[PDB]
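This is what each chain is made of:
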Amino acid sequence: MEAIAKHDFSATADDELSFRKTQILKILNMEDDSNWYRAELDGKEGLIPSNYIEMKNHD
């Protein structure tokens, strides 16, 4: 599963994840939180604002 996110951001929870507009994020756990997804980046897992991204990460 892969997702893209165009909205700058910086996690609001410790187990959350910041990112940049147009960044490629590894979508991997969505469900217990229909609003914050657990994505991967570099070597860290972390929740991420849903409204700042949409499905279609691709490259």
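Per the deposited record, the coordinates in this entry were obtained by solution NMR.

J.: Mind showing me how you'd approach the pattern of salt bridges here?
T.: Oppositely charged side chains are able to pair whenever their charged atoms sit close together. Within the structure shown, the criterion is met by one salt bridge. A salt bridge links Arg38 to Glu45, with the nearest nitrogen and oxygen atoms 3.8 Å apart. Under the relative-accessibility criterion, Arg38 is labelled partly exposed at 29%.

J.: What is the right way to look at the nonpolar core in this model?
T.: One recurring pattern in soluble globular proteins is that nonpolar side chains are buried together. Residues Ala3, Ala5, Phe9, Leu17, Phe19, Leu25, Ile27, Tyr37, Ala39, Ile48 and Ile53 constitute the largest nonpolar core, which totals eleven residues. Ignoring any residue separated from it by four or fewer positions in sequence, one finds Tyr37 in contact with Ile27, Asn29, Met30, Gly46, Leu47, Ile48, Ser50 and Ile53.

J.: Can you help me understand the packing of aromatic side chains in this one?
T.: Each aromatic ring pair is summarised here by two numbers: the centre-to-centre distance and the angle between the ring planes. Tallying each qualifying case throughout the model produces three aromatic pairs. A network of ring pairs unites the aromatic residues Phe9, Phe19, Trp36 and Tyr52 as a single cluster.

J.: What exactly am I supposed to notice about the sheet that holds strand β2 (residues 23-29) here?
T.: Sheet strands associate in pairs through backbone hydrogen bonding, adopting either a parallel or an antiparallel arrangement. Taken together, the five strands give an open sheet; going across it, the order is β4-β3-β2-β1-β5, and neighbouring strands pair in antiparallel fashion. The two strands at the open ends of the sheet, each matched to only one other strand, are β4 (44-49) and β5 (54-55). Where strand β1 (residues 3-5) and β2 come together, three bridges link them in antiparallel fashion. Note on β2: the bridge partner recorded for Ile4 is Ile24.

About the thresholds
Residues numbered from 1 in each chain as written, not as in the entry; some residues may be left out. Heavy atoms only, no water. Salt bridge = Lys/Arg side-chain N within 4 Å of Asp/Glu carboxyl O. Buried < 20%, exposed > 50% of the residue type's maximum accessible area, 1.4 Å probe, protein only. Core = buried A, V, L, I, M, F, W, Y, C linked by side-chain atoms within 4.5 Å. Contact = heavy atoms within 4.5 Å. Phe/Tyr/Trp six-rings, centres within 6.5 Å; stacked < 30°, edge-to-face > 60°. Pairing = 2+ DSSP bridges. Helix = DSSP H or I, 4+ residues; strand = E, 2+ residues; numbered from the N terminus.

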